[PDB]
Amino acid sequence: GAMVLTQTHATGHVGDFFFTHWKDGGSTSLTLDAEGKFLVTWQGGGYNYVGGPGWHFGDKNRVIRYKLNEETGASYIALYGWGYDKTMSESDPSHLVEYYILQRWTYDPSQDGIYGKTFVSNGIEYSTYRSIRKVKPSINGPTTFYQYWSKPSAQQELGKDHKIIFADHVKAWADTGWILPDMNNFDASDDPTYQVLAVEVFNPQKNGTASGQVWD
């Protein structure tokens, strides 16, 4: 009922759960079982990691539940995913969209974004931001695309069951005219339009652990 991912790059399923797992070096590993329990342990010494458990596809009505038992300081923990419309012009930055719903962070990755609006979801106050990536990596290769962010007004604590109500963030982005392209396809060259609870660790100074469970 589990995989221990230690390779530099891997995607796939463990039972009902999808995962993506990316490393530019080092011994960082992701363990995931079929009940959505996950464990990321990272090296400490300056490589980068992005990975976590989730669904290959973005469901506009998904209610994501998770709890973190351990989180020693990963650059950020965020719901993380993609939308992609193969019929749209590739010079239109909305043809492909990377989106983040941040739960915790050492530094704020949304700081380059332009503010959209503030709203409440599951009793949590969020603010939204939109930035652009110019000729950067993506599920469809190097391209120029928008990033949509939702950032909570406080860090989400460990040891508690949290909820991310994806419909609320889709709506908040749409409220400012930020539309998500199709989130249920494989049309892109490199990856499906997945949606995962990502553990992101950039240039870590100390060894680290993030563990918990995700479900919907």
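Note that residue numbering follows the sequence shown and begins at 1.
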property: Stretch with the greater mean C-alpha B-factor as recorded in the entry, comparing 84-92 against 137-145; result: 84-92
property: Selected stretch [higher average CA B-factor]: 4-12 or 206-214; result: 206-214
property: Maximum C-alpha temperature factor, selected from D33, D168, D191, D175; result: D191
property: Maximum C-alpha temperature factor, selected from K37, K163, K151, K60; result: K60
property: Chain-relative CA temperature factor third for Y99; result: lowest
property: Among modelled residues of the same chain, the CA temperature factor third for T128; result: lowest
property: Lowest, middle or highest third - CA B-factor, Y107; result: highest
property: Ranked C-alpha temperature factor of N69 among modelled chain residues, by third; result: middle
